[PDB]
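# How does the following fold in three dimensions:
(chains A, B, C, D, E, F, G and H)
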Amino acid sequence: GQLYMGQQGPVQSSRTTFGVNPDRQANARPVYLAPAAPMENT
Amino acid sequence: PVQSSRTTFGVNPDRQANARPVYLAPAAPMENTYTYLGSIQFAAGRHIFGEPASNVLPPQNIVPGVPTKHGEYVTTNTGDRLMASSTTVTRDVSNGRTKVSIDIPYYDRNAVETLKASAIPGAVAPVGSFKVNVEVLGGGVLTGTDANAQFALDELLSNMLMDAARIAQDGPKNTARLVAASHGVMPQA
Amino acid sequence: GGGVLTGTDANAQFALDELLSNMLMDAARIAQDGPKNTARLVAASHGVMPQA
Amino acid sequence: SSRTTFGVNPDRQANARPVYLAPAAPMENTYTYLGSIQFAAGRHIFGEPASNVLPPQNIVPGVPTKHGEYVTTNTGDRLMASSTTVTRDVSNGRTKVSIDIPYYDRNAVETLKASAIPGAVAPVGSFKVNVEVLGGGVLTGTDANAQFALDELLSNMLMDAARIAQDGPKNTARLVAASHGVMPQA
Amino acid sequence: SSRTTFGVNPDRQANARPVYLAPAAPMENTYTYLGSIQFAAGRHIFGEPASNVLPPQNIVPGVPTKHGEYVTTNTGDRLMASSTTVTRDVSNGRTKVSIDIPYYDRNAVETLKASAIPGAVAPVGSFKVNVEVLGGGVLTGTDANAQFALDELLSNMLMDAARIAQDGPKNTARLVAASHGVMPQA
Amino acid sequence: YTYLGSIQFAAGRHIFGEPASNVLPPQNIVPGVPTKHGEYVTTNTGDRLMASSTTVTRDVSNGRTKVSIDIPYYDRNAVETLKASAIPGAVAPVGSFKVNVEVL
Amino acid sequence: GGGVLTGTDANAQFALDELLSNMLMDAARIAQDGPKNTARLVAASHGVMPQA
Amino acid sequence: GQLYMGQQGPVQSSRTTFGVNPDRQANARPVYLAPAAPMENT
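Numbering: from 1, shown residues only, chains lettered A, B, ... in the order given. Sure, structure below:
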């Protein structure tokens, strides 16, 4: 890619996937279910 | 052939065409969500979020006075060792159905904080996003309905919107209600 | 609200809950935002944002 | 066709029985001990987990799976986030749990700390522990209640096997870098 | 040749460490439970061991071995003596303990008893449980004391793995004749 | 099963097995797991009988719930000839009786 | 109730009659078994037996 | 099949259909038909 100045000398900029953990947690979470639905506004 | 039927008085109605142009906001306010993000200091779990440019999102592709069936407001998110990333509010108005969607990205807090603590100059791209959709099916207005009446229908759908959002977020903040949802359980009560 | 990250603490999932609910509120406000003098929801054909 | 049998009847029951799958994996023993030694033994440095109990990664409630994983993230000073994994396989009456935890080079980590220089380090290797239960081959006569009894029988053999594996004085070498086994005299 | 290293040094310590070998194998948990159910579940009937602690069969004190076996004899009414075996393998930093106990056809056994006829019966099958510790790959810096610490770390992971394997209500199926795993809701 | 105890597990040349429990445990029903089909089963044993399972099946789907009960029976002539002759053979079931119940 | 065996006595067919009727009673009891606090028959989608 | 010990010596277990009469009686039995149907419970 593009070129910039690092302390070693002119150095090429680089884009890597190193060090990014995209692992996800399974959707296994019980959620609250309301005992009634309030439609007061409408 | 003699056939049986179930009768009520009336006639199948005459529906009005969906030819009514509607108002389009000149900017999208996101004050509630961004004040809360300031509250949690833009971090939760190993999701880290970006600071916006504005709490109110300007339009990106909406010329004024130009009819548009699809439009986007967008503001840029910046942060320490974060690659700038856009948060987006999308509005689709067509055929009597209006739909607003909000998409905000998040980054890997583990990567960001490892970079910060190690004083590494890398910038991190977003790992994912969270989205919220809202939809109003306002087609099929009856022919008799005039303009003033349609105003009333506007506010009626507005209040149904408010009720739907309240019913969605309803519940104690002590218990799980939205993210990583698997199934719903009504309390013993 | 799917796809939370692996290190998301059980406690932090509540914070994420509230974040999503605030996005909900903002979305409904953006949906109905506008003067009540002018058409905004039903029989919608297209959007027209005003010049001034 | 119905047949009278003389002698042993070896008819086995088909391995078609759903089994309970824990909603999370507790790793309390190992992580409390890791806290005990301050996450460092010799040149091995370990990361701090996000939780002592690991949530499911690819398991959904109510959906049968034959392979499932619980996972958390170890973070650390001058360390790159590395996941700790607990894998469970259930198939054909054989159920197997494996645990994998990674480690890092303490010399690199403390050399960076002491040099005050921007580097960070990735894992160097891992330690793994497997546990396996061969529960296939249940005979025809066995009903559900009896199968529960067999469940507990196997779990007790599991406990015996783990104790026999870790058995021995802590004065003396017993697991890592093992070459061969030797029994003492008297 | 001596070299200065930048970054991670992955040199591993050769797996050339003798490990303690128990003079006998305690199987107390499984045999007490077998006494609890009177050595019979469903159509599976088990034999009574000679001892709860199994003596070595092919292990001699002071002689290094990479494979060793403890064994006792199950005897029973109308049953042919059948050995119960506990096998331990130590090689290349990997140590593995396996337990094998045989069972018999209860229908044949009780049909003989009830018929008062001379027959006796041999085993029909067995149940097996394996436990495995992959302790190879110790880094260069690790000294003996640190290796003891790693010994205990692995043993704690062993305990965690056995608990995660047997985890669950005894109301419900969890090991034998397993088809797949299912997680409950809420 | 109380009635089977009444007739002493025999009628005609049908002979039945004694159950393990009057109440049948579940065989393939994990708790908290939605199941559209499930089975309770207990084992039947008897003198010179090959152990055989009696089964209660429940199917819940699309608003229709259906319970079926299946109990097996053996050839009393074979069983009693073996008993009287002191032969150690065990007999497999010759047939079964079934009762279905259904709610739409 | 088909397929009775050949040596089934005329008298024993009555005993079989009563056996089947008792299976009937057990089947209906298993069909409606459950607390009346909770849903059990109509609009049924699936079964969920409780943990405790 | 499997092997066991009989008084003759070690003997192979065997499973045979010998001595099992599965003949069935025809469904030719008139049954009682109630003169009315009581729906009292419902």
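# The closest residue in space to residue B:40 that isn't next to it in sequence and residue B:178, how far apart?
Setting aside the residues directly before and after it, residue B:40 is nearest to residue C:15 in space (CB to CB, 6 or more residues apart in numbering or on different chains), at 5.2 Å. Just so you know, the C-beta spots here come from the backbone N, C-alpha and C atoms, and that holds for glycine as well. Residue C:15 is 11 Å from residue B:178, where distance means CB to CB, to the nearest Å.
# Of these two, give the one with the bigger neighbour count.
residue B:178 (24 against 20; other CB atoms under 10 Å in any protein chain shown).
# Skip the chain neighbours and tell me the closest residue to residue A:40.
Nearest non-adjacent residue to residue A:40, counting by CB to CB, 6+ apart: residue B:163, 7.1 Å away.
# which strands and helices sit next to the host helix or strand of the one you found?
Assigned by DSSP states H and E, residue B:163 falls within helix B:147-169. Helix B:147-169 is packed against strand B:128-137, helix C:12-32, with contacts defined by 3 or more CB pairs under 8 Å, 6 or more residues apart in numbering or on different chains; DSSP states H and E.
# Of all these, which one comes closest to residue A:30?
Across those, the minimum distance to residue A:30, taken as CB to CB, is reached by helix C:12-32, at 11.7 Å.
# For the closest one, list the C-alpha coordinates in CSV.
Taking Å, rounded to 0.1, in the frame of the first residue of the first chain, the C-alpha atoms of helix C:12-32 are listed here in CSV:
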residue,chain,number,x,y,z
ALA,C,12,-22.8,-6.1,30.1
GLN,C,13,-25.6,-7.8,28.2
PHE,C,14,-28.0,-5.7,30.3
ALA,C,15,-26.2,-2.6,29.2
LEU,C,16,-26.6,-3.8,25.6
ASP,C,17,-30.3,-4.4,26.3
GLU,C,18,-30.7,-0.7,27.3
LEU,C,19,-28.7,0.5,24.3
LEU,C,20,-31.0,-1.3,21.9
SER,C,21,-34.1,0.0,23.7
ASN,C,22,-32.8,3.6,23.3
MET,C,23,-32.2,3.0,19.6
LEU,C,24,-35.8,1.8,19.5
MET,C,25,-37.0,5.1,21.0
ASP,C,26,-34.9,7.1,18.6
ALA,C,27,-36.2,5.1,15.7
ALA,C,28,-39.9,5.7,16.5
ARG,C,29,-39.2,9.4,17.0
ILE,C,30,-37.5,9.6,13.6
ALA,C,31,-40.4,7.7,12.1
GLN,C,32,-43.1,10.1,13.3
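# in chain A, which residue is closest to the centre?
residue A:22 (7.3 Å; CA atoms, centre = their mean).
# List the residues that contact it.
B:108, B:127, B:128, C:5 (CB atoms under 8 Å, 6 or more residues apart in numbering or on different chains).
# measure it to residue B:128 for me?
For residue A:22, the distance to residue B:128 - CB to CB - is 7 Å.
# Mutual contacts of the two, please.
Common neighbours of residue A:22 and residue B:128 (CB under 8 Å, 6+ apart) are residue C:5.
# thinking again about what came up before, tell me which two in the contacts of residue A:22 are the farthest apart.
Between all members of those, the farthest pair (by CB to CB) comes out as B:108 and B:128, at 9.0 Å.
# Now the common contact residues for the two.
What both residue B:108 and residue B:128 touch, as defined by CB under 8 Å, 6+ apart, is the set A:22, C:5.
# residue contacts, the one residue in chain A that gets nearest to chain G?
As assessed by CB to the nearest CB, chain G sits closest to residue A:30 within chain A, at 12.4 Å. Residues near residue A:30 by CB under 8 Å, 6+ apart: B:176, B:182, B:183, B:184, B:185, E:185, E:186.
# Tell me the one of those nearest chain C?
Looking across the contacts of residue A:30 and measuring by CB to the nearest CB, the closest to chain C is residue B:176, at 6.5 Å.
# Now do the SS call for the residue of chain A closest to chain G.
strand (DSSP: H, G, I helix; E, B strand; the rest coil).
# For it, name its beta-bridge partners.
residue B:183 (DSSP bridges).
# now it: how far from residue D:23?
Residue A:30 is 10 Å from residue D:23, by CB to CB.
# can you check residue B:88 too?
35 Å.
# Over to residue B:17?
Distance from residue B:17 to residue D:23, by CB to CB: 53 Å.
# Tell me the bridge partners for the residue nearest to the spatial centre of chain B.
Residue closest to the average C-alpha location in chain B (CA atoms, centre = their mean): residue B:101, at 3.7 Å. Beta-bridge pairing for residue B:101 (DSSP bridges): residue B:90, residue B:133.
# Mind jotting down where the strands sit in chain A?
Secondary structure of chain A (DSSP state E): strands at A:3-6, A:9-12, A:24-25, A:29-32.
# quick revisit: tell me how far the residue of chain A closest to chain G lies from residue B:165.
On the measure of CB to CB, residue A:30 and residue B:165 end up 22 Å apart.
# How about residue B:124?
For residue B:124 relative to residue B:165 (CB to CB), the value is 32 Å.
# What of residue B:106?
22 Å.
# Can you name the residue of chain A nearest to chain D?
For chain A, CB to the nearest CB, closest residue to chain D: residue A:26, 4.6 Å.
# what do you get for chain B?
Closest point on chain B to chain D, by CB to the nearest CB, is residue B:110, at 3.5 Å.
# That residue: what's it in contact with?
A:21, B:46, C:7, D:73, D:75, D:81.
# Tell me the residue of chain A that sits nearest chain B?
residue A:33 (3.5 Å).
# OK, contacts around that residue?
Residue A:33 neighbours (CB under 8 Å, 6+ apart): B:184, B:185, B:186, B:187.
# how about 6 Å then?
B:184, B:185, B:186 (CB atoms under 6 Å, 6 or more residues apart in numbering or on different chains).
# measure the second one to chain H for me?
Okay, so that is residue B:185. From residue B:185 across to chain H, the span is 33 Å (CB to the nearest CB, to the nearest Å).
# Quick check: that residue vs residue E:185, distance?
8 Å.
# can you check the last one too?
Taking CB to CB as the measure, residue B:186 and residue E:185 are separated by 13 Å.
# same check, this time on residue B:52
38 Å.
# got it, and residue B:149?
47 Å.
# Assess the claim that residue B:124 and residue B:107 are in contact.
Yes. Applying CB atoms under 6 Å, one finds residue B:124 in contact with residue B:107, separated by 5.0 Å.
# any common contacting residues for these two?
residue B:82.
# For chain A, what's the nearest residue on chain B?
For chain B, CB to the nearest CB, closest residue to chain A: residue B:184, 3.5 Å.
# so which residue of chain A comes closest to chain F?
For chain A, CB to the nearest CB, closest residue to chain F: residue A:30, 10.0 Å.
# any idea how far residue E:172 is from that residue?
19 Å.
# One more: residue B:20?
59 Å.
# circling back: pretty sure the residue nearest to residue A:40 sits against residue A:39.
Yes. Assessed by CB under 6 Å, residue B:163 is found in contact with residue A:39 at 4.8 Å.
# check contacts around residue 24.
Assuming you mean chain A. Counted by CB under 6 Å, 6+ apart, residue A:24 has contacts residue C:3.
# wait, chain B
C:47, C:48, C:49.
# again, 7 Å this time
B:62, B:71, C:47, C:48, C:49 (CB atoms under 7 Å, 6 or more residues apart in numbering or on different chains).
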